[PDB]
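Here the structure comes first, spelled out in structure tokens, and everything after it is commentary.
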Number of protein chains: 2
Amino acid sequence: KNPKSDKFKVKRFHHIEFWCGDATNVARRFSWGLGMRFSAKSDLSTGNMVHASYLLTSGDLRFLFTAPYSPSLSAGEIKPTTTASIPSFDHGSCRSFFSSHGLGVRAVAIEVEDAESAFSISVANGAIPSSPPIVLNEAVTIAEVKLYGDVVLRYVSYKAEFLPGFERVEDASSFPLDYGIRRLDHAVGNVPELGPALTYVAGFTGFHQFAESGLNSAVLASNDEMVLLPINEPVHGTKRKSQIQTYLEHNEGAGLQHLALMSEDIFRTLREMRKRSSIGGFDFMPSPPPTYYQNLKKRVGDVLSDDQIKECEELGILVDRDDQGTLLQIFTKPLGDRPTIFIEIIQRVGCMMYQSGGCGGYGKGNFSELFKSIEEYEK
Amino acid sequence: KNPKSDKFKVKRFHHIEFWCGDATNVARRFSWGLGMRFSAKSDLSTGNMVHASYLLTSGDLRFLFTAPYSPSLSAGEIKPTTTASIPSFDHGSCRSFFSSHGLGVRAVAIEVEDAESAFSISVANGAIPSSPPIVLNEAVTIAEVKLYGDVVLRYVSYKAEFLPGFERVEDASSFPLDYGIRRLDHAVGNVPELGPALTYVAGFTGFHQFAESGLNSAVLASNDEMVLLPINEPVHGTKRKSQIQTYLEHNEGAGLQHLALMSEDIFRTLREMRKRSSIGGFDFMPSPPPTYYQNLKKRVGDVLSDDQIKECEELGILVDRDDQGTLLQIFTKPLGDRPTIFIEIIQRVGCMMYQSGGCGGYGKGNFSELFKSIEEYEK
Ligand SMILES: Cc1ccccc1-n1c(=O)c2c(C)c(C(=O)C3=C(O)CCCC3=O)ccc2n(C)c1=O
Ligand SMILES: Cc1ccccc1-n1c(=O)c2c(C)c(C(=O)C3=C(O)CCCC3=O)ccc2n(C)c1=O
Ligand SMILES: [Co+2]
Ligand SMILES: [Co+2]
């Protein structure tokens with residue numbers, strides 16, 4: 001059941017912003033590892049004396065990488081005269097975030113009909129304000145409220161290309177990489193206590209809840225279920241230590257756990273990413289045993305052929321199934337030094353009407369299926 | 001004239017250590033951009049709860065990338081019980097360095113006969129101590145003194161594979177990249193005042209001085225002139241603003257300006273690096289006008305053929321000449337967000353006896369030749 005209770009009009013995920021120590025090196029690594037194109041910049045070469053921000057795109061997916069310059073370059077500025085293109089940016093906040101958490105997501109940005117309205121309604125309904133609405137060049141409005149930990153939910157609305165003050169990058173420096181990633185499917189937070197986190201976020205958004213090893217989790221969703229925000233809490237005392245708890249320890253508390261990126265062809269995406277794992281790209285979790293793929297015939301043999309299943313086996317892809325649809329997924333190793341944030345690659349099969357959001361679930365059935373396949377492979 | 005006045009026995013450059021916010025992403029970017037192999041690690045997976053350190057190698061060149069973990073992971077440790085593999089590391093120093101300077105070189109490390117002796121003699125002769133000698137697993141001794149700004153000169157000596165506590169990286173995660181880079185030729189500092197900097201460093205090392213647009217510079221060299229440490233100061237009031245002064249402003253003071261990496265085949269190195277510039281690697285300075293390469297015939301037509309000169313032209317390579325030998329060189333754009341540190345690729349022709357250090361100079365003749373070629377190309 002979907003009560004469609006959004007307190008303001010939400011459209012889609014807009015962008016994800018990483019706060020970095022050096023935006024250049026993270027953005028170049030991610031571009032190569034994920035097959036994302038450099039598409040916009042705001043830095044010294046565009047007159048920004050405050051922060052360096054670089055935008056990567058793949059389809060509708062937008063990854064922004066931002067780092068602070070020396071405060072000395074902008075010491076004469078005040079907020080009315082700022083050269084920052086993202087007015088919510090603050091040197092001290094950014095340095096403290098990265099010191100505390102390491103490389104990670106600062107902002108989960110969603111496009112809304114009216115960012116000022118979304119902000120006011122959010123705070124009237126319990127949201128902790130982070131940055132008030134600011135209109136950029138009379139064209140785009142941006143506002144921020146706290147989501148969890150030091151992560152903000154950023155509202156963006158357009159009257160009528162990324163943000164004012166960003167320049168399109170020169171074609172020569174913009175190599176058209178593309179491994180098939182097309183949009184952000186969901187963005188997942190880890191928190192110490194799920195209940196209060198859910199109550200807080202669902203409280204100010206009106207997002208509704210969507211449809212024994214490590215965690216409890218729930219998913220908040222917008223009206224059409226295209227903005228999907230799962231949240232995890234640890235389960236303590238378990239045989240193996242909870243990966244949610246490890247996250248909280250190494251991250252210094254709550255924050256974004258993983259970004260799930262939808263591919264239009266997960267087999268091409270994983271072939272291309274795995275070719276680059278050892279030459280600057282991303283590594284993937286250790287593959288499941290062959291028993292997992294043997295057992296896929298009984299589970300999804302009506303959705304995937306033998307060839308398509310064998311192709312899952314060579315690439316380490318996981319498969320889970322809903323009552324609505326089927327999900328192919330795989331997880332990277334952590335994106336940076338700490339065992340904190342990672343990426344999921346996903347493709348969904350079914351739920352055609354366009355495809356409805358969350359088709360096939362989030363792979364929670366793969367916890368049981370993995371452990372069983374582990375012991376079954378012990379044989 | 002070479003008075004051979006080293007106050008202790010110096011062998012060769014050993015490694016360069018970058019202090020990072022996220023060592024993983026910088027190391028992966030550099031590995032791909034420069035064709036360096038992942039060869040050792042010290043991080044959580046090796047029991048280091050303090051810092052993440054990753055070592056890249058190409059020939060004898062060793063680049064180390066280090067970033068701090070949360071201090072909470074090691075809060076119970078004291079120096080006698082540390083899990084850090086580099087005992088001079090300090091969370092606060094590293095965070096303050098990166099906050100102040102951004103991504104850059106913390107340590108210029110040279111191998112010496114006896115790091116304890118080198119340290120004591122250095123400080124007895126004016127060196128400002130940074131980290132006292134520490135013996136690692138009764139096998140390697142490390143000590144540090146201040147060089148300039150927040151850069152240290154690190155002494156390493158071996159009784160008899162990088163450092164104790166570092167593990168060799170798994171072959172699968174160790175792709176054998178190689179674009180021809182073979183060793184560190186020289187490491188260059190920018191300072192506000194050259195005289196005091198030279199007096200200080202030559203004072204404690206016994207290094208001797210080796211053989212109108214922007215700077216004054218001089219080069220300190222070890223006995224056999226294989227450890228080469230140029231230092232630049234700005235020249236103010238010039239028509240174009242000094243790039244040394246821009247460095248000091250954006251770096252928050254003195255620091256390492258560039259690393260010159262010798263290639264065994266500069267044409268292969270530059271072909272391979274330029275193929276990767278727009279897909280995660282490094283960008284190069286804008287190429288000289290065709291007049292520069294037209295004028296190369298008269299200057300080096302006895303060293304390079306027409307084909308070898310035309311090959312310089314397509315790759316943007318610069319050529320300068322000594323009375324001893326000839327130098328091919330090219331400069332990258334800055335390695336990170338700030339217009340501070342960059343890399344030079346070099347290959348030297350001549351001075352055979354082995355090749356003697358500094359053969360061909362450092363390209364200072366290319367300041368005049370570039371400006372002339374600029375106006376000549378205006379035509
Ligand atoms: C537990 C674990 C340890 C070491 C590496 C990997 C894992 N690991 C996962 O992290 C994992 C995740 C993260 C999801 C997942 O995407 C997801 C949930 O965890 C909760 C609902 C929302 C959501 O999107 C699904 C299955 C997973 N499975 C099966 C798994 O094994
Ligand atoms: C001035 C400038 C502005 C924008 C980009 C590039 C440049 N630029 C250089 O940075 C440059 C350098 C850095 C060297 C060089 O390697 C060097 C010295 O500068 C002093 C002696 C020790 C040493 O190693 C030589 C020639 C150079 N030339 C010719 C040049 O044009
Ligand atoms: Co997921
Ligand atoms: Co040089």
Side-chain angles (χ1 to χ4, degrees), chain A residues 184-190 210 215 217 219 228-232 256-262 318 320 327-332 341-348 358 360-363 365-367, chain B residues 184-191 194 209-211 213-221 228-235 238 241-247 256-262 283-288 292 316-320 327-334 339-348 358 360-363 365-370 373-374:
Chain A
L184 182 65
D185 183 90
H186 55 271
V188 178
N190 281 349
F210 180 107
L215 57 92
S217 67
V219 182
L228 302 173
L229 299 174
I231 303 182
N232 306 320
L256 197 136
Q257 180 207 40
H258 77 270
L259 301 162
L261 318 178
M262 180 169 287
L318 310 172
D320 200 21
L327 172 160
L328 309 160
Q329 62 181 171
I330 195 176
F331 304 106
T332 74
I341 181 159
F342 54 98
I343 275 170
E344 175 184 0
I345 308 299
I346 195 173
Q347 187 165 20
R348 300 185 181 273
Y362 304 86
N366 269 318
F367 289 99
Chain B
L184 182 65
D185 183 90
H186 55 271
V188 178
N190 281 349
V191 299
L194 177 60
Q209 173 145 359
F210 180 107
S213 67
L215 57 92
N216 301 317
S217 67
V219 182
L220 294 178
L228 302 173
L229 299 174
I231 303 182
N232 306 320
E233 78 177 352
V235 168
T238 57
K241 190 199 194 172
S242 174
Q243 76 273 7
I244 309 311
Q245 180 64 26
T246 299
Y247 179 99
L256 197 136
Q257 180 207 40
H258 77 270
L259 301 162
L261 318 178
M262 180 169 287
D283 300 335
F284 290 94
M285 66 195 292
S287 280
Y292 179 93
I317 292 172
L318 310 172
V319 190
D320 200 21
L327 172 160
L328 309 160
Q329 62 181 171
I330 195 176
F331 304 106
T332 74
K333 289 202 180 161
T340 52
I341 181 159
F342 54 98
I343 275 170
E344 175 184 0
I345 308 299
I346 195 173
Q347 187 165 20
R348 300 185 181 273
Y362 304 86
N366 269 318
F367 289 99
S368 155
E369 290 298 319
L370 268 174
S373 177
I374 300 271

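Just so you know, these numbers use all the heavy atoms, side chains as well, and skip hydrogens, waters and symmetry mates. So that the names make sense, note that chain A is the first sequence line, chain B the second, and so on, each numbered from 1. Numbering of ligands and ligand atoms starts at 1, following listing order.
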> For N232(A), which residues count as a side chain to side chain donor-acceptor pair (under 3.5 Å) partner, sequence neighbours excluded?
Replying inline: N190(A), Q257(A)
> Looking only at heavy atoms, what is the nearest atom pair of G316(B) and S287(B), with distance?
Replying inline: CA-OG, 3.5 Å
> Is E344(B) close enough that one of its N/O/S atoms sits under 2.8 Å from the Co ion (ligand 4)?
Replying inline: yes
> Less than 3.5 Å between some nitrogen or oxygen of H258(B) and one of ligand 2, yes or no?
Replying inline: yes
>> Can you tell me which portion of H186(B) lies within the under-4.0 Å heavy-atom range of ligand 2? Options are side chain, backbone, both, or neither.
In response: side chain
> Less than 3.5 Å between some nitrogen or oxygen of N232(B) and one of ligand 2, yes or no?
Replying inline: no
>> Heavy-atom pairs closer than 4.0 Å: do any link ligand 2 to the side chain of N366(B), the backbone, both, or neither?
In response: both
> Rounded to 10°, how many degrees is the angle NE2/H186(B)-the Co ion (ligand 4)-NE2/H258(B)?
Replying inline: 100°
> Roughly how far apart are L256(B) CG and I231(B) CD1, rounded to 0.5 Å?
Replying inline: 10.0 Å
> Purely on distance, is any nitrogen or oxygen of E344(B) under 3.5 Å from one on ligand 2?
Replying inline: yes
>> Working to the nearest 0.5 angstrom, can you tell me the gap between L228(B) CG and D185(B) CG?
In response: 6.0 Å
> Hey, what do you get for OG1 (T332(B)) to CG (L259(B)), rounding to the nearest 0.5 Å?
Replying inline: 9.5 Å
